[PDB]
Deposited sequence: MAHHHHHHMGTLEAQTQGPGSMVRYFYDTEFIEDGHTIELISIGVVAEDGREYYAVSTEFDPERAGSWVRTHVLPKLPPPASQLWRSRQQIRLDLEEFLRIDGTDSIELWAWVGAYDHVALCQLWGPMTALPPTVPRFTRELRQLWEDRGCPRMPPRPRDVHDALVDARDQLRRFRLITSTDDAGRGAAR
């Protein structure tokens, strides 16, 4: 069968690279994943990220802080890539999010075979369904909200 995952990332981007700060992913079965990268340089954060992203992060002793390799491994387990379920990825205005996600494996040719090479655009579905009314920058909170919006849109 098919399982949908809704995700969001926070990152530092400068028109050239995208340095991942955090990633939240929620499956439609209710499972949740959240991690913060130990490998981004907070000194490179612009004012917006420094004031709206970085203060919401966990304290530094939290086990939520993980290396990029750990996050990759954690996502391979979370997405159940070794099993037979098919995977759909969804994000809201997530072009950069998709890149940040794929770059945890490398070039998009390094993606595990069962992870799709594109992320469905939740904003597109929303508009396609006539922009139904939905409810009123932490990545797991945002990912959770995307799932909630999908279920409303598709109800």
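Engineer: Going by C-alpha coordinates, which parts of the deposited sequence are missing from this model?
Structural biologist: No C-alpha coordinates exist for 1 to 20, 157 to 161, 181 to 190.
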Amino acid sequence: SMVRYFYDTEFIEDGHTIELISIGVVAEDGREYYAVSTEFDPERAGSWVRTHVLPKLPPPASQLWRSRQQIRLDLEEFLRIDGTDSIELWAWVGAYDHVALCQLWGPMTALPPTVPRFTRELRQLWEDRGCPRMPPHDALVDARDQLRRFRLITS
From here on, numbers count along this sequence of modelled residues.
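Engineer: Of 126 to 134 and 29 to 37, which one has the bigger average CA B-factor?
Structural biologist: Result: 126 to 134.
Engineer: Look over 41 to 49 and 61 to 69 in the entry and identify the one with the greater average Cα temperature factor.
Structural biologist: Comparing averages over the C-alpha atoms only gives 41 to 49.
Engineer: Highest CA temperature factor in the entry: which of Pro107, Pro55, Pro113, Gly94?
Structural biologist: Most elevated C-alpha B-factor of the set, per the entry: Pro55.
Engineer: Place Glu77 in the lowest, middle or highest third of its chain's C-alpha B-factors, as listed in the PDB entry.
Structural biologist: It falls in the middle third of the chain.
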